[PDB]
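Inspection log for the structure reproduced underneath, given as structure tokens.
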Amino acid sequence: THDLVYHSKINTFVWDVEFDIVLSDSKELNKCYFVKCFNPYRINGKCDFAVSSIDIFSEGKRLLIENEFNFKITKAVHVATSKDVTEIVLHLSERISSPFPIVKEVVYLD
Amino acid sequence: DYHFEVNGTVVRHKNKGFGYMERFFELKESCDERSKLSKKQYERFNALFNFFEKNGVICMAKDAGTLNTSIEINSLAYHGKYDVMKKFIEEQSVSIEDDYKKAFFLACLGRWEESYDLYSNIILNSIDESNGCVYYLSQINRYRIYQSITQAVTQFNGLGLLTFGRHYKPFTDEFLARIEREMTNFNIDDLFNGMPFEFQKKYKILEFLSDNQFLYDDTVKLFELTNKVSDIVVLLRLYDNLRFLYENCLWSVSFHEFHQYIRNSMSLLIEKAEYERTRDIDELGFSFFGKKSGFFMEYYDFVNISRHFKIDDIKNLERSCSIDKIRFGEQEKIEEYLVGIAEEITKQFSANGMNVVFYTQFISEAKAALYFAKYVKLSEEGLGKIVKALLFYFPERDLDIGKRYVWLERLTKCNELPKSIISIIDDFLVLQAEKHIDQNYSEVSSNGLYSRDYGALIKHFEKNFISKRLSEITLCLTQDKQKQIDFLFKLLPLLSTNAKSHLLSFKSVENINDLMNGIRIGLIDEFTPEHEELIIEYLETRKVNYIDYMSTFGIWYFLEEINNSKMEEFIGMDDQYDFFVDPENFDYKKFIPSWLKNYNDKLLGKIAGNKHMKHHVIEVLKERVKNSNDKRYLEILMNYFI
Amino acid sequence: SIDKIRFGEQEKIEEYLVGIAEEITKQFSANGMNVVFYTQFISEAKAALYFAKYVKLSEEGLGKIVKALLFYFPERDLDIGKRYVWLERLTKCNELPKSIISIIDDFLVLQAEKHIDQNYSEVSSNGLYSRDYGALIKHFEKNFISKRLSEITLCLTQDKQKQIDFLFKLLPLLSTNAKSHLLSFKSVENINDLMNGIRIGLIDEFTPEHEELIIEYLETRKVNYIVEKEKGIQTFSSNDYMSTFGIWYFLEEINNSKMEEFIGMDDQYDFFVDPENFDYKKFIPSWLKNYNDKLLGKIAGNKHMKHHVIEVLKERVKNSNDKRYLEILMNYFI
């Protein structure tokens, strides 16, 4: 739990951690992770408001299509270095009000 | 006995004997004193005059009226003249010093095996039948090349196999064994002591090279951050320490000790100059006395920044200080150097380019150069060649598609986009489309950006650019090439009207999930009534569930691109929805500041432009920033709400 | 915000400070100046009591520290203004027992007895003088009367000038009978007397005589500035009164329109007299840290002053490090 760093200008916790995924539809995904991209200088010509280009990797190579906003839950989540951190992830998932509270490697393209 | 100041002159100190230097400098100007000198010794005076004017010692301190030293480097390696060094290496060597610089150049092109062999040849042929300077230098360079080979082989064949798939073993195993055997227990500390006693008295100034750390000048660098309210004695020493190592063909210019203080001098100098500015403004005035920052980057400054800095270090430079206030001198020379880098990249990938050590040594400076290029006004042809190289011949193992797009957006900030650059980007998009015909090929990016941003940038710079090639590719589409249709969906604005008409029939809109898929890929621009009715049923479904995308619908309504009024009947639930649909009757006690951290420039501009929420939002932000040190809330407050 | 950073082991720091004070009170006042030692020890002592604002001190330690600072500290490194600044920042709000006030009053008595000769000038750097010491004494004990200085002014004659003026500058802390004794000795004739007495409350208004005196001083400054313009010398004295003069027009304290005829003398004059025609290019982003309450709100009360002050404040916030601009911006202008 020494690799978790909270970022301020975007409500996110960076942590090299993989979480199993359960969404509203029956399709289920194994341990995966998110990558957020804070870009306030992004081309938003259309009705785009988000400053974060948030996407998902399944196994570091499998980027799944966004499609609908799946109602994902953290389920069992592993740091892949020390031990399972399920509580340590779910406890700070709330009181954030930002989608994908815990991601890995925010790119911070300014 | 004499303090040779780096600014150009010399000052006296501890010369208990006669003042030979003062008399020499006095006779430098008087022609009669020159004439009265003896004939056999006159040529020696001429040689001394040539040496002293070359090294940059002008005059004494009592008459040092002119002291501006224009640094000049004539080394071929500094300017990255690879085409010249290759031709020189192909040319046979006539002497030993020419052989020495051939060895050094061979070391800078990554061919370390040939460089080591040629250094061994020099050692054999110049054992002691000279002044010994070449023998000493070629012993040190040999050891440094051996260290570099060991470090590369412990890393390239150690862990970096995935950087080229399978072990490329750039150095042969027999060669590795030979260099290990020939260099068992080579004492580098005592090497200078093994030289003849005459050498140790004459070339005493070459002692530091045989040391584990020799550049203990960093302790002097602590004078750059003293807050007493110059710095030119450090920059001149940096050039003084670069014209030695890079012009005497020495193999101590690629290690981490050299790169560490160059990354420390060039950072401390710019930071202190940034502190000289923004501090004189406090008591002198913004523009009445704020002429310039003080620092002036030149060709030999940009080259150092390119060669030694990394991307994270450059970003740290940009975050701390505003480099945009620092003008880049000698724009033409920077343009030519960048064009040379682009030519080298183009020639490297197009050819075999299997040689990997030089690739790794040179890709860093190439990336740093094309990163810093945004500060230099590049010529039209030069920019065209730069962009062509960066798009079609830069390896994808180092620069991903997202980083590639970031690089161009960085380059287009300080320069427009004439027809040539947009034509190059159009050709790149065409190449991507032709690559997408393979249904098993997918883009990999570590920045979130993709090929959509290229079309978006083209449209932003040119509102009516219709890529006829893309239109023809769309016309020639089939049903089974689903991935191609998706990719062309991502670039809808760049297609022609008949192309759009043919494409839209392939994939229509469905319910809300596909609706939002089309919105993300920009399928629809004006919200058609059918889309509007589809929206309501989702909200009507939400009411049943309540008795998500709701924030998106509220924001769209706030942006006035949704003109439906019956949705006004559906308020009193989510905070953001009511905020963006009915600011009149919102009770503001439920507002959360975190929302403001997800809004781009235009949304905050529209929020600030509205009267009914400006005061509430600004007082919320002030309350939040009073009790916290968050820079994001203050940044939002000052950029848009003042 | 070091003031909000906690300090540990305050007893050891108190012992260190008391040892430093003892060393300076022994070495520098017992013919043992030791110029060899007077190169690095005073640098440590200079940085010592500066960083003592954030450490609480006991009554005996505070007394020793204040005595060593005021009395035996060499004048070569610390002048009167720096000494006053350090004493001010060494005593926080309601942190002045009777002993410390007595020590300050003893310093003032020694200063008054040092001003018998007319040759003494009492030079400074930041312009703060013994009147500031009197203000400090009166701030923590408003109903504080003096006995030694009252005795000195009760044995005074209207023949010299330095002692009478000095005691007038510290008039508030004098007894009522002493005040009556001194007032008849020196009246308010010149502009400097008005400046000295406006901060201690003898005069509550600006009757046309004082305004006429100000106008006469302004005309003299005008002819002197013309002379300097011919000479080409930009003389900005440390003790000028242009800012002090303009400080009252902005507050409607002076109603004479004649001031509008001296526009262009000094940047603060144009800033405080005619905001509309002021050129918001020479504005120094450092005056804004010298107005506490009666001005910042009043500056924020103008239609055509915020629309130029806020840009300067925003710029100073963005690419500087000073925390004063931030609280100034969020305290009065927002």
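Heads up: the sequence lines are chains C, B and A, in that order.
Those letters in the first sequence? Residues 11 to 120, by the deposited numbering.
Those letters in the second sequence? Residues 337 to 565, 580 to 897, 911 to 1005, by the deposited numbering.
Those letters in the third sequence? Residues 672 to 1005, by the deposited numbering.
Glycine included, every Cβ here is placed at the ideal spot set by N, Cα and C.
Less than 8 Å between CB atoms is the rule here; does residue i satisfy it with respect to chain B?
i	result
C:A86	no
C:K41	no
C:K82	no
A:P956	yes
C:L100	no
C:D30	no
C:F23	no
List, in order along the chain, the chain A residues whose C-beta lies closer than 7 Å to that of residue i?
i	result
B:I1005	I981 and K985
B:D632	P956 and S957
Which partner residues does residue i have in the DSSP bridge list?
i	result
C:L39	C:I31
C:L73	C:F67
C:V87	C:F29
A:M913	Answer is none; A:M913 lacks a bridge partner.
C:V15	C:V24
C:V45	C:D65
A:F678	DSSP, once it has assigned bridges, lists no residue as partnering A:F678.
Can you give the beta carbon distance from residue i to residue j, rounded, assuming they're within the 8 Å contact cut?
i	j	result
B:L740	B:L720	6 Å
B:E607	B:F507	Rounded, the Cβ-Cβ distance is 23 Å, inconsistent with contact.
A:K840	A:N867	6 Å
B:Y755	B:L799	5 Å
B:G968	B:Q711	Contact flag wrong, Cβ pair sits at about 46 Å.
Between which two residues does the alpha helix (DSSP H) containing residue i stretch?
i	result
B:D964	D964 to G972
A:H786	No alpha helix (DSSP H) holds A:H786; DSSP gives it neither H nor E.
C:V99	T96 to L100
A:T847	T847 to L854
B:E607	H606 to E626
B:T891	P879 to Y896
B:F360	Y356 to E365
B:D836	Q832 to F839
A:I862	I862 to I869
Quick one: does the C-beta of residue i sit closer than 7 Å to a heavy atom of the ligand GTP?
i	result
B:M936	Looking for the ligand GTP in the displayed structure turns up nothing, as the structure carries no ligands at all.
Residues of chain B with CB under 7 Å from residue i, in chain order?
i	result
A:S991	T628
A:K994	Those do not exist, as A:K994 stays about 10 Å from chain B at its closest Cβ, beyond 7 Å.
C:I53	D803, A806, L807 and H810
A:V988	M1001
C:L33	Residues of chain B passing the Cβ test: none, with the nearest at roughly 13 Å.
C:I112	Chain B residues near C:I112: none, gap ~16 Å exceeds 7 Å.
Name the chain B residues that come within less than 9 Å of residue i, Cβ to Cβ?
i	result
C:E104	The contacting residues do not exist; C:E104 stays about 12 Å from chain B at best.
Going along chain B, which residues have a C-beta under 8 Å from residue i?
i	result
C:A60	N961 and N963
C:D65	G798
Identify the continuous beta strand (DSSP E) that holds residue i and give its terminal residues.
i	result
B:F340	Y338 to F340
B:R348	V346 to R348
C:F23	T22 to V24
How would you list, in chain order, the residues of chain C whose beta-carbon sits under 8 Å from the beta-carbon of residue i?
i	result
B:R870	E76
B:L922	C57
Please report whether the beta-carbon of residue i lies at a distance below 8 Å from any beta-carbon of chain C.
i	result
B:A971	no
B:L966	yes
B:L997	no
B:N863	yes
B:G798	yes
B:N614	no
B:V944	no
B:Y912	yes
B:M866	yes
Quick check: is the beta carbon of residue i nearer than 8 Å to any beta carbon in chain A?
i	result
B:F742	no
B:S643	no
B:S672	yes
B:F638	yes
Which residues of chain C have a Cβ atom closer than 7 Å to the Cβ of residue i, listed in chain order?
i	result
B:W919	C57
List, in chain order, every chain A residue whose beta-carbon is nearer than 8 Å to that of residue i.
i	result
B:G635	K952, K953, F954 and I955
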